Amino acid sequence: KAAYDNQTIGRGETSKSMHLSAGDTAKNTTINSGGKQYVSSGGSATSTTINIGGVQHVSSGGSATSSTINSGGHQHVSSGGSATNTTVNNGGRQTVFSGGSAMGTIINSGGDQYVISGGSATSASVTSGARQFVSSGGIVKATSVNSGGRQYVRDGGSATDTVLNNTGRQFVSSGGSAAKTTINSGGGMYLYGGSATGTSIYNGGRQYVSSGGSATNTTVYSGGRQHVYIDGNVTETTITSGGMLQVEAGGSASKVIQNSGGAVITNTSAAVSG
């Protein structure tokens, strides 16, 4: 029955709460301070603008397409909820809780996406000054960490099929895990105690394995470098002609496949195992 348009809600607006149920619709809503939009099962919000002290709740079976989050606003994608092509600007936060799903999120300068407690995000775009945080059962797939962008894979966080482009950075902490990371030219992946598997490092890209960190099954293509620091470990690295594995004193590598023209640099004698 219900279906709203160009409604502004919150503070000293006409209405404070907006609720959506099965079949309801909301378009170009503007959520301002004290404003709450609740998108419930079978509800659909579209083009919602979320400003300081405004919140959009996406509950189970709810859907929110093209929400745009600004300075001090919040999108909560709860269990069973779905958010598509969300845009997060300076000071905006999208949080994906247990059972929630975000697809195609664009995170802009100073914007934050938190994927926690078993939420999932696919195809996040992490641009310059943007940040993505993944933790405690949260899983992110096909994140593009673009120039200026940063992804934090924290304890219990998991990232798959991440792509790192020019000055894009991925930080994998203790208890964090990354799989099938692609490091393009200018990309940096840092294992600050965390684990990586199935990394590919193309020309200009770098993986840095620090204390407690561990890389498995890494391919270093021409111009790529895996850099292993003290008490970092790597295994099953293949170094292609023109690529490099550099191991600092006290770092370790094993099951190294060194192709002809692949550089290996060691600073201790028992550093690398072929």
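In this text, residue numbers run from 1 along the sequence as written.
> Mean C-alpha B-factor higher for 213 to 221, or for 24 to 32?
Averaged over C-alpha atoms, the B-factors run higher in 24 to 32.
> Higher mean Cα B-factor in the deposited model: 242 to 250 or 44 to 52?
The deposited B-factors put 44 to 52 ahead on the C-alpha mean.
> Looking at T197, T122, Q170, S185, which has the highest Cα B-factor in the entry?
Comparing C-alpha B-factors across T197, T122, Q170, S185, the top value belongs to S185.
> Please pick out which of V145, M103, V77, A178 has the largest Cα B-factor as recorded in the entry.
Largest recorded C-alpha B-factor: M103.
> Would you check the entry's CA temperature factor for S82 and let me know if it's in the chain's lowest, middle or highest third?
As the PDB entry reports it, the C-alpha B-factor of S82 lands in the middle third of its chain.
> Comparing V58 with the other modelled residues of its chain, is its CA B-factor in the lowest, middle or highest third?
Middle third of the chain for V58's C-alpha B-factor.
> Relative to the other modelled residues of the same chain, rank the CA B-factor of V264 and answer lowest, middle or highest third.
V264: CA B-factor falls in the lowest third of its chain.
> Going by what the PDB entry lists, where does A64 fall on CA B-factor within its chain: lowest, middle or highest third?
According to the entry, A64 has a C-alpha B-factor in the chain's middle third.
> Per the entry's values, where does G138 land by CA temperature factor relative to the rest of its chain, in the lowest, middle or highest third?
According to the entry, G138 has a C-alpha B-factor in the chain's lowest third.
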